[PDB]
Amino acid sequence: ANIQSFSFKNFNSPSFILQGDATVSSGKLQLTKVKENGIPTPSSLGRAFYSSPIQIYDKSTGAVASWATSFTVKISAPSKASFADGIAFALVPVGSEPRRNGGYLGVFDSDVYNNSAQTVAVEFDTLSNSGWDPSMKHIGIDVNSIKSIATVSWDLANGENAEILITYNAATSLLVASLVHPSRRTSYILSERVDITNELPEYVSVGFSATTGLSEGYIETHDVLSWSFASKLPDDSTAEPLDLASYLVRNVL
């Protein structure tokens, strides 16, 4: 079995691929632009990926990998400004370049399924786009389109940490994402079946993508304070889910 994993409580550019306005400052990963006085900047777009590609599956052996990632983000909006646009954890083709800005979160080009996009992402959408978005702020699973295949309402706690955990079990083909705001003791979870070997390539780069709104008052920050990831690829078709117990304690807690 092939295993790849990492856990960062402190960020330093070397081990990451930064695109757009993504930068590393004070050890945290800042996905979008921020003026010196601390206020967010509109029309921003940043992405960051682990410098090592991860093999999601192997066409020769029919083995599919089971993986998990956990990270803490802090989304803050200036006093009188509205939230926009959101951040997303994504699996993209190794060479991939940023896509449309604004409501596309820098990972998709349209709200129409396009298998050739070869991108899967779990988004934390802070602005409802009338053309494909649910009524309020939400968490959603996007498979080759910005129109999520499943969503769940989310009560964003401005300025308070959000602890996220996303897992994929090759045995049940189930992708699950949960978010927790410790400060408020609120928690949200969402799950859906995703045939990964059909929506993505054998190798992908894992990371984040965030964008701020295209208007003067639709802004927010996107700071990743810590990030963990672990992947396991078997040798036969026989899938083996991961050990989350041992994972979180050895990585998140």
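The first residue of the sequence shown is number 1, and the count goes up from there.
Novice: On average, which has the higher Cα B-factor in the deposited entry, 33-41 or 201-209?
Specialist: Between 201-209 and 33-41, it is 33-41 that shows the higher mean C-alpha B-factor.
Novice: Mean C-alpha B factor from the entry: is it higher for 74-82 or for 97-105?
Specialist: For C-alpha atoms only, the mean B-factor is higher in 74-82.
Novice: Just grab whichever of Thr167, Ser178, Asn144, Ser148 has the top CA B-factor as deposited.
Specialist: Highest C-alpha B-factor among the listed residues goes to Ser148.
Novice: Whose C-alpha has the highest temperature factor in the PDB entry: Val122, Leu174, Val92, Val112?
Specialist: Answer, based on the entry's C-alpha B-factors: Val112.
Novice: Taking the C-alpha B-factors as the PDB entry records them, is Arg47 in the lowest, middle or highest third of its chain?
Specialist: According to the entry, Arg47 has a C-alpha B-factor in the chain's lowest third.
Novice: Could you look up the Cα B-factor of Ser226 in the entry and say which third of the chain it sits in: lowest, middle or highest?
Specialist: Its C-alpha B-factor belongs to the lowest third of this chain's values.
Novice: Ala162's Cα B-factor: lowest, middle or highest third of the chain?
Specialist: For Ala162, the deposited C-alpha B-factor lands in the lowest third.
Novice: Splitting the chain's C-alpha B-factors into thirds, which one does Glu240 fall into?
Specialist: As the PDB entry reports it, the C-alpha B-factor of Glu240 lands in the highest third of its chain.
Novice: Based on the deposited C-alpha B factors for this chain, I'd like to know if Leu214 is in the lowest, middle or highest third.
Specialist: It falls in the top third of the chain.
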